[PDB]
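One chain is shown next in structure tokens, namely the form deposited in one PDB entry.
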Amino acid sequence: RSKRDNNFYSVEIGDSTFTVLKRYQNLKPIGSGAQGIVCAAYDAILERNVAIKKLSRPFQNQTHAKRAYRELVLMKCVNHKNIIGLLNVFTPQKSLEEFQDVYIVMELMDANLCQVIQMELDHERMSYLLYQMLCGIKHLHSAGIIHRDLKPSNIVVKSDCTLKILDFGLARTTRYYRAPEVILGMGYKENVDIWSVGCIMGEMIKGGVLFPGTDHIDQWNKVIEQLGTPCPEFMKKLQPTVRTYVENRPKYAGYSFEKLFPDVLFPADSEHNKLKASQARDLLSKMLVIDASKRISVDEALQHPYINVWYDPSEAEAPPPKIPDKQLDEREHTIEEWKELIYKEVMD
């Protein structure tokens, strides 16, 4: 039938079928999420390993369509050591009437951060990892991209302890790493993301999810029990929300951070470990703060004693990305427009 489909073959992984470029051999399950399986493969042309992620009908609805087009143009134009890089993107379907599936070829990593967070970690690993996220987060903010939803399962690390953030977050508009300012519908700024480094840092020290909220109501309550009800000066955004679930929600005074993260959680091996426990618990104190007025900046967190041991201009001052589309966060189309919009992104 076709010269062009002699360039593809099909491999079955569970119920999923991957129809990929024949350069990609030895496909194998290496992880899964709600969008399906991701595979390890060998690129016979590049003679290296890769990760391959399939998006089945990225334009099924409009919010997914915006998220697919957004993750495509940005991965196309963000080149940073701590951001996952796109190696190729393709579709096996021969035209837009037939266009259905999108395959993203990215670099191959060893695991995600959930598989490290459950582990035991010394200050040198923890601070090195967090420093790496702050470098990735800082690179995104240079170009105007506020992640707003970093989570340990969408960050991958490698056995030499390097780290790459997988996604770019939500388009402008389980909540366990979501900052108060976006779970309560205020405005947000770049340091919205500092809150989420805070929950991951806290997660690494304590050993399990800090604020695992069952609902959208339990997620705010389980924050204030530990951190205490916020200040009257903080009550902004909508006035309906001002009274709502707050003014008489049972008053909470949080616990101290000496009490939230006791020296039990850290190793008091040396004087050096006594000093690093102290510094880290102080860094938390500045990221796990409800009022963003009083929350640290990314640049300040990168110059923090716990974190600035690793400082080097190479990765902390990179050349900012050149996002070709500016309305990217504000485009609003129909499913058919998104489809052709996503298609010619795959096809140029």
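Think of the rigid core as the biggest set of C-alphas that the two forms share within 1.5 Å after superposition. From 1 onward, residues are counted along the sequence shown.
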**OP:** Establish whether the other compared PDB entries of this protein leave residue 14 unmodelled at least a third of the time.
**Re:** no
Subject >> Gap at residue 25 across at least one third of the other PDB entries >> reply: no
Original post:
Between residue 100 and residue 101, how many deposited residues lack coordinates (none, 1 to 3, 4 to 9, 10 or more)?
Top reply: none
**OP:** May I ask you to compare 211-219 and 272-280 by their mean CA B factor in the entry and name the higher one?
**Re:** 211-219
**OP:** Output the stretch having the higher mean C-alpha B factor in the entry; the candidates are 18-26 and 332-340.
**Re:** 332-340
Subject >> Residue with maximal Cα B-factor (values as given in the PDB entry) among 164, 125, 139, 237 >> reply: 237
Subject >> Residue with maximal Cα B-factor (values as given in the PDB entry) among 92, 232, 152, 198 >> reply: 232
Original post:
Would the CA B-factor of residue 112 place it in the lowest, middle or highest third of its chain?
Top reply: lowest
Subject >> B-factor third for the C-alpha atom of residue 43 within its chain >> reply: lowest
**OP:** Could you tell me which third, lowest, middle or highest, the C-alpha B-factor of residue 131 occupies within its chain?
**Re:** lowest
Original post:
Where does residue 182 sit by CA temperature factor within its chain: lowest, middle or highest third?
Top reply: highest
Original post:
Where does residue 96 sit by CA temperature factor within its chain: lowest, middle or highest third?
Top reply: middle
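One more form of this protein exists, namely the form deposited in another entry; it is left out here, but the text below deals with it.
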**OP:** Might you check 218, 124, 258, 98 and identify the only one whose CA position changes by 2 Å or more between this form and the one not shown on rigid-core superposition?
**Re:** 98
**OP:** Classify residue 107 as shifted (yes) or not shifted (no) between this form and the one not shown, where shifted means its C-alpha moves by 2 Å or more with the rigid core superposed.
**Re:** no
**OP:** Would you say whether residue 309 is displaced between this form and the one not shown, judging by a C-alpha shift of 2 Å or more on the superposed rigid core?
**Re:** no
**OP:** Align both forms on the core first, then report whether residue 72 has a C-alpha shift of 2 Å or more between this form and the one not shown.
**Re:** yes
**OP:** Just say closer or farther for the C-alpha distance from residue 145 to residue 36 in the other entry, relative to the shown form; it changes by 3 Å or more.
**Re:** closer
**OP:** Work out whether the Cα atoms of residue 147 and residue 36 come closer together or move farther apart in the other entry than they are in this form, the change being 3 angstroms or more.
**Re:** closer
